[PDB]
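S.K.: This structure is in structure tokens; I'll ask about it shortly.
There are 6 protein chains.
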Amino acid sequence: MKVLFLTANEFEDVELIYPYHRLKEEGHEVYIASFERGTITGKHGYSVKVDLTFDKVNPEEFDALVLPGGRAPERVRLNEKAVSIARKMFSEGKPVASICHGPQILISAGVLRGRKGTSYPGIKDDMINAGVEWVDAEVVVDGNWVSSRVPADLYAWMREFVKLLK
Amino acid sequence: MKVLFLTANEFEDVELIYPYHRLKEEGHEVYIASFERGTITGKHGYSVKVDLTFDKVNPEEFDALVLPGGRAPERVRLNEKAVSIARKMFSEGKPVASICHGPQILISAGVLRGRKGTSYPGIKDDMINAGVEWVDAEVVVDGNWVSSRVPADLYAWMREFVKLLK
Amino acid sequence: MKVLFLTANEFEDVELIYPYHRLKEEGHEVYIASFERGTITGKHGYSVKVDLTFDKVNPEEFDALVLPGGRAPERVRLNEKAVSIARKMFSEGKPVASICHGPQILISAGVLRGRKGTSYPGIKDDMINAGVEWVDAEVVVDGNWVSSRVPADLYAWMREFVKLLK
Amino acid sequence: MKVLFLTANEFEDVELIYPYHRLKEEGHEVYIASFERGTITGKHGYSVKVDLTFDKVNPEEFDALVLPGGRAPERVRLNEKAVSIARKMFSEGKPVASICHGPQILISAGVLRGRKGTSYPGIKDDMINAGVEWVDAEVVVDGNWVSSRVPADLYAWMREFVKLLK
Amino acid sequence: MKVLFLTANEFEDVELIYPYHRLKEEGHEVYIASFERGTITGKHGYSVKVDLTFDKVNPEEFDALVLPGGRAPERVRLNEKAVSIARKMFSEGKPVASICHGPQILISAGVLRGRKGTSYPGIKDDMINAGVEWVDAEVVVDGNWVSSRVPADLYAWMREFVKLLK
Amino acid sequence: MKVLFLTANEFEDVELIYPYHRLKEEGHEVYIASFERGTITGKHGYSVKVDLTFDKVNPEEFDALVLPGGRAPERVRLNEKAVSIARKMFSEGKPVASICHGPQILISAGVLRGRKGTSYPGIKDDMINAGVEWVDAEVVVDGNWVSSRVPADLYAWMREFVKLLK
Ligand SMILES: [Tb+3]
Ligand SMILES: [Tb+3]
Ligand SMILES: [Tb+3]
Ligand SMILES: [Tb+3]
Ligand SMILES: [Tb+3]
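Laid out in structure tokens, this is it:
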């Protein structure tokens, strides 16, 4: 399956790199989308190559979406095209993986009312104000939406997401 | 007046240091409250001494509140006592200045329904979901609440706040 | 009034940013002059846009001068044109504010013999050798010259300087 | 299976964190051993809790071994006890995963002469002088020894190691 | 004499800067060779100008060779041209000074079998597997090869090397 | 000969480490004096062990003095005891080496009037106001006083200083 990552500079490094390799292990094709072509750099200094820009993404051409955390979601969520990609893929029922600040993009997409999930605890009140039934758990699976809180949850996060992709 | 600051490590340096000196110029007494006693350090490496801990704060002892930005508000907003201080002071109509990510504390206090103000634009959707009429302006004055977005707004932010303390 | 700042890379961030916003609050027009156009970066990583170069400054066009600290004054003081600007404005009796290492530029201008003021204590012997009557105080006002020592003095420094620009 | 990691400060962050979560997804119990029982920090600044010291490790109590890279192996490989653990576990035919500089520990254990594998290319001549048949491949499986070169190989590295732990 | 330095980014700063100045004191001409022209930066942030690239070195026109440490030798040792410079100069009996990880270049040149020297202790097993009679001493002089371990040995390292160039 | 170094935190790393090793090469005993015992850290992060405090220094017990640069001299020179050590050793005609900001300590000692030397060019005017005949040269030898400007001058600085210690 073709898996799309929506991210930007100051992504939480392991929250991108871990699902990237975990999904490649399964044989899935992984694509990193950001504002511009070239490279992006994580909070801790890992550099990743951008495969395509948000403007060049056709969400019809992707089967699943991953939203890492860090400070990147606060910039991604102000990009109308990035938010539209997340809005369309999530509302169509495609698998969507979010961790940490990742679901700020889903908040901006307006797709979380009545949905059950988790996030970085520091934004739980924003999740609740967006209509989420917020849970303090290492992983939540609510239909197509697999959500986790922090890097310590990575093992459980992708354990559940990988099931959704097969 | 006695002005309280609710903050923590990874505060945006100038958003704390600027109002601190600006209100000292007026002869106001300025107090930095945080989790623990000792020093806190900004994103850019400035160190400031903590005057008292959140547990030791009596909100009735303080006349006004400043909420700087940075990553600090996401840690402050998970502290029940800090959120209670902001809840009490804001709902009593005492002057409250927020800038950047500062109003995340006010979101968690549940006091912004029907209010008008601004923030860091990256969290405008969270402000809107908290019931704020969000404005893209360098400074907004809504009764007791003076709000600004970023460090470039500092001059206008405290220009309006000092007016409420005199 | 039109207020000129003579500075360069490795300026002490708050010593430039604080008076910049404080004087904008009053409605003064603030201009940052440096070696080259573009931007300069402080010791702590804050970036500020340069409005004009030393070579394009006509001191007659400006009403007041601010000399922040950091390691920038040791670069500025070797620029003949920057030193000439400070020499002319100071000797004409225009308001001049200095803090920390800022007065090293005034030492190189040859205008401090017989004047009273302060600076970072680490350079008090250089101030004294230039003929300054050095005082250990948070702010000194000697006619047109307002001087302070360290960032902890910011509130008193601009409290006195703002009075001269009225 | 109980999986032991031999590491230290300045480990390559993703080379430790990735297999840690990947093996944890399978339900394996993962243990981090180092010089002292507190916290170790990677080259990029991620912190991980040390479960036990090398002195407290009984290799008989562990089923498999992971050797991440970074600058850490050059410290670990000078510890008699750490090298002894790797020597026993490898010579007993237990599964051993190494990546990047990790096999420097196995070079010091004297167990690689006649074996086939890979490493960070920068140390291929050391691997060859240790008697390794060095291969430029993303992953090599030589009986119990699964070896990879760099972080880009993570997906293939643990794809093969997990298969050996089934 | 003309002295050549083979180095790259992430050189150990003092291990390059110390012999560079120490040999200039004697009147020797010092040349820094690396991958590209411009500047290289040490682990601690000192910047050094590159005089020539590896491809433009003729080893017949240099009398001596210095191999500093840091992470740079692991990059240099994968450059065929850099390795053949070291191979030719060392086997011709020209004076060669190495410290710390510096001799990794000599390992890759295949010139150390039967020779006596030292290095960073972390790579002593690689030196031994290359056929070195490894010694734990602050400086070793083995004919044309002067070797030291760590920055604390700088004084003894160049004390011996300077004798070979007089 | 016994050589004393007067320094502190934020010393310029190579300006301390270079003469330290260079004088040890000659067989001189080198002592690092600072405010407190333990370690000091340079601008670029090198750590050095303090041998004695300024309070336990008896200047009769030392034959020569080295004053490295960095931001350390501005701290040292406010210490009455450290300045007294430099005053006594310099006025007794003992060899004194200074580089960069190093001579700020000699300015505070009041011993430079009518002397000839150099320094970091950023403090030329302070040297001149102290009564120095300032020269723009890589090294100046004025009887017992050997002075240089910047790290690029290290080779010439100690080339001349070493000659005074016979
Ligand atoms: Tb951007
Ligand atoms: Tb904390
Ligand atoms: Tb074979
Ligand atoms: Tb296979
Ligand atoms: Tb020549």
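Residue numbers (our numbering), protein chains in the order written: chain F, 1 to 166; chain G, 1001 to 1166; chain U, 2001 to 2166; chain V, 3001 to 3166; chain H, 4001 to 4166; chain B, 5001 to 5166.
Just so you know, even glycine gets a beta-carbon here, dropped at the ideal spot from N, CA and C.
Can you tell me where the alpha helix (DSSP H) holding F/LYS24 begins and where it ends?
M.R.: Here residue 24 of chain F corresponds to residue number 24 of the first sequence, with the count starting at 1. Unbroken alpha helix (DSSP H) run through F/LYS24: 13-25.
S.K.: Given G/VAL1150, which residues of its chain have a CB within under 7 Å of its CB, disregarding the five upstream and five downstream residues?
M.R.: Position 150 of the second sequence, counting from 1, holds the residue named residue 1150 of chain G. Excluding positions up to five away in sequence, the list reads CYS1100 and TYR1120.
S.K.: Are the Cβ atoms of G/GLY1122 and F/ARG77 separated by less than 8 Å?
M.R.: What you label residue 1122 of chain G is simply residue 122 of the second sequence in a count that begins at 1. What you label residue 77 of chain F is simply residue 77 of the first sequence in a count that begins at 1. In this structure, F/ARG77 lies closer than 8 Å to G/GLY1122 by Cβ.
S.K.: Near ligand 3, which residues have their beta-carbon less than 7 Å from any of its heavy atoms, given in chain order?
M.R.: V/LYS3116 and V/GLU3133
S.K.: Would U/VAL2139 and U/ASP2153 be called neighbours here (beta carbons separated by less than 8 Å)?
M.R.: The residue labelled residue 2139 of chain U in the question sits at position 139 within the third sequence. The residue labelled residue 2153 of chain U in the question sits at position 153 within the third sequence. Closer than 8 Å, so yes.
S.K.: I'd like to know whether the C-beta of B/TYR5046 is nearer than 8 Å to at least one C-beta of chain H.
M.R.: As a working note, residue 5046 of chain B is residue 46 in the sixth sequence. Cβ-Cβ to chain H under 8 Å: yes for B/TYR5046.
S.K.: If you follow the alpha helix (DSSP H) that F/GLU80 is part of, which residue opens it and which one closes it?
M.R.: If you number the first sequence from 1, residue 80 of chain F lands on position 80. Note, F/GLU80: alpha helix (DSSP H), 80-91.
S.K.: Run down chain B in chain order and give the residues with a C-beta less than 9 Å from the C-beta of H/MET4158.
M.R.: Taking the fifth sequence and counting its residues from 1, one reaches residue 4158 of chain H at position 158. Within chain B, the residues whose beta carbon sits less than 9 Å from that of H/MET4158 are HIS5021, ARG5022 and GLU5025, listed in sequence order.
S.K.: Classify F/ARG37: buried if its beta carbon has 16 or more other beta carbons within 10 angstroms, exposed otherwise.
M.R.: Stepping through the first sequence from its first residue, residue 37 of chain F is reached at position 37. Burial call: exposed.
S.K.: Spell out whether any CB of chain V is found under 8 Å from the CB atom of F/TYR120.
M.R.: As a first step, residue 120 of chain F is located in the first sequence; it is residue number 120 there, counting from the start. So, not an interface residue.
S.K.: Using 8 Å as the threshold, is the stretch 5082-5102 of chain B in touch with the stretch 5015-5033 of chain B, meaning 3 or more CB pairs across them?
M.R.: yes
S.K.: Within this structure, are the beta carbons of H/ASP4136 and H/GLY4117 separated by less than 8 Å?
M.R.: Here residue 4136 of chain H refers to the residue found at position 136 of the fifth sequence. Here residue 4117 of chain H refers to the residue found at position 117 of the fifth sequence. The Cβ atoms of H/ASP4136 and H/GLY4117 do not sit closer than 8 Å to each other.
S.K.: Quick one: grab the DSSP three-state call for H/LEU4112.
M.R.: Along the fifth sequence, read from residue 1 onward, the residue named residue 4112 of chain H stands at position 112. Looking at H/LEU4112 - three-state DSSP - the assignment turns out to be coil, as it is neither helix nor strand.
S.K.: Within 10 angstroms of its Cβ, does V/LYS3124 collect 16 or more other Cβ (buried), or is it exposed?
M.R.: Translated into positions along the fourth sequence, residue 3124 of chain V becomes position 124. That one is buried.
S.K.: Rounded C-beta distance between B/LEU5112 and B/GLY5131? I'm assuming under 8 Å.
M.R.: Position 112 of the sixth sequence, counted from the start, is the residue given in the question as residue 5112 of chain B. Position 131 of the sixth sequence, counted from the start, is the residue given in the question as residue 5131 of chain B. That belief holds up - the Cβ atoms of B/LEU5112 and B/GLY5131 are roughly 6 Å apart, short of 8 Å.
S.K.: If we define contact as Cβ-Cβ less than 8 Å, is U/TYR2031 a contact residue for chain G?
M.R.: Translated into positions along the third sequence, residue 2031 of chain U becomes position 31. No, its Cβ sits nowhere closer than 8 Å to a Cβ of chain G.
S.K.: If the criterion is Cβ atoms closer than 8 Å, does the pair U/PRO2103 and U/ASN2144 meet it?
M.R.: One-based indexing of the third sequence puts residue 2103 of chain U at position 103. One-based indexing of the third sequence puts residue 2144 of chain U at position 144. No, they are not a contact pair.
S.K.: Out of B/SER5084, B/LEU5164, B/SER5047 and B/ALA5064, which one is the CA nearest neighbour of B/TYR5031?
M.R.: The residue given as residue 5031 of chain B occupies position 31 in the sixth sequence. Comparing Cα positions, the closest option is B/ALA5064.
S.K.: Against chain U, does B/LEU5065 count as a neighbour if the rule is that its beta carbon must be under 8 Å from one of theirs?
M.R.: The residue you call residue 5065 of chain B lines up with position 65 of the sixth sequence. No, because no Cβ of chain U sits closer than 8 Å to the Cβ of B/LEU5065.
S.K.: For U/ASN2079, which residues from the same chain have a beta carbon less than 8 Å from its beta carbon, with the 5 sequence-adjacent residues on both sides left out?
M.R.: Translated into the one-based positions of the third sequence, residue 2079 of chain U becomes position 79. If we look at U/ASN2079 and ignore the five residues flanking it on each side, its Cβ neighbours are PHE2035 and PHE2054.
S.K.: Do you know how far the Cα of V/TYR3046 is from the Cα of V/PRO3019?
M.R.: The residue you call residue 3019 of chain V lines up with position 19 of the fourth sequence. The residue you call residue 3046 of chain V lines up with position 46 of the fourth sequence. When rounded, the distance between both Cα atoms is 15 Å.
S.K.: Along the stretch 3100-3111 of chain V, where does the CB come closer than 7 Å to a CB of chain H? Name the residues.
M.R.: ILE3107 and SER3108
S.K.: Starting from V/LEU3154, find everything on chain F with Cβ-Cβ shorter than 8 Å and list it in chain order.
M.R.: Within the fourth sequence, the letter at position 154 stands for residue 3154 of chain V. Per Cβ cutoff of 8 Å: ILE17 and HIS21.
S.K.: Shorter than 7 Å, the distance from the beta carbon of F/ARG77 to the closest heavy atom of ligand 1, or not?
M.R.: Taking the first sequence and counting its residues from 1, one reaches residue 77 of chain F at position 77. Outside the cutoff, so no.
S.K.: How many angstroms separate the CA atom of G/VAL1057 from the CA atom of G/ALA1033?
M.R.: Sequence index remark: in the second sequence, residue 1057 of chain G carries index 57 (1-based). Sequence index remark: in the second sequence, residue 1033 of chain G carries index 33 (1-based). So the alpha carbons of these two residues sit roughly 8 Å apart.
S.K.: Give me the residue from V/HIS3044, V/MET3089, V/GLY3027 and V/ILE3128 with the minimum Cα distance to V/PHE3005.
M.R.: To locate residue 3005 of chain V, count along the fourth sequence from 1; it is residue 5. Of V/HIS3044, V/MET3089, V/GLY3027 and V/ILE3128, the residue nearest in Cα terms is V/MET3089.
S.K.: Where V/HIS3021 and F/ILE128 are concerned, what is the direct C-alpha to C-alpha distance, given to the nearest angstrom?
M.R.: Walking along the fourth sequence from the start, residue 3021 of chain V turns up at place 21. Walking along the first sequence from the start, residue 128 of chain F turns up at place 128. The straight-line gap from Cα to Cα measures roughly 29 Å.
S.K.: Would you mind working out which of H/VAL4066, H/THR4007, H/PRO4059 and H/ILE4040 sits nearest H/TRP4157, comparing C-alpha positions?
M.R.: Walking along the fifth sequence from the start, residue 4157 of chain H turns up at place 157. Per the Cα distances, H/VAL4066.
S.K.: What alpha helix (DSSP H) runs, 4 residues minimum, are completely inside the stretch 1092-1149 of chain G?
M.R.: 1104-1109 and 1124-1129
S.K.: Using only the alpha-carbon positions, how far apart do U/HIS2044 and G/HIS1044 sit?
M.R.: Residue numbering aside, residue 2044 of chain U sits at position 44 when the third sequence is read from its first letter. Residue numbering aside, residue 1044 of chain G sits at position 44 when the second sequence is read from its first letter. Between U/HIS2044 and G/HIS1044, the C-alpha separation is close to 5 Å.
S.K.: Give every residue whose Cβ lies closer than 7 Å to any heavy atom of ligand 4, listed in chain order.
M.R.: V/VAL3141, V/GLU3160 and V/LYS3163
S.K.: Just to confirm my understanding: we take B/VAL5083, look at its own chain, exclude 5 residues before and 5 after, and list those with CB closer than 7 Å. What are they?
M.R.: For this step, residue 5083 of chain B is matched to residue 83 along the sixth sequence. Non-local beta-carbon contacts of B/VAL5083 in its own chain, meaning distances under 7 Å to residues more than five positions away in sequence, involve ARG5077, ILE5105, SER5108 and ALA5109 in chain order.
S.K.: Checking contacts by CB at 8 Å: is B/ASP5013 closer than that to chain H?
M.R.: Along the sixth sequence, read from residue 1 onward, the residue named residue 5013 of chain B stands at position 13. Output row for B/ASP5013: interface = yes.
S.K.: Is V/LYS3163 helix, strand or coil when you go by DSSP?
M.R.: By 1-based counting over the fourth sequence, the position of residue 3163 of chain V is 163. Helix, per DSSP.
S.K.: Around the Cβ of G/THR1039, are there at least 16 other Cβ atoms within 10 angstroms (buried) or fewer (exposed)?
M.R.: For the purposes of this step, residue 1039 of chain G is identified with residue 39 of the second sequence, where counting begins at 1. Burial call: exposed.
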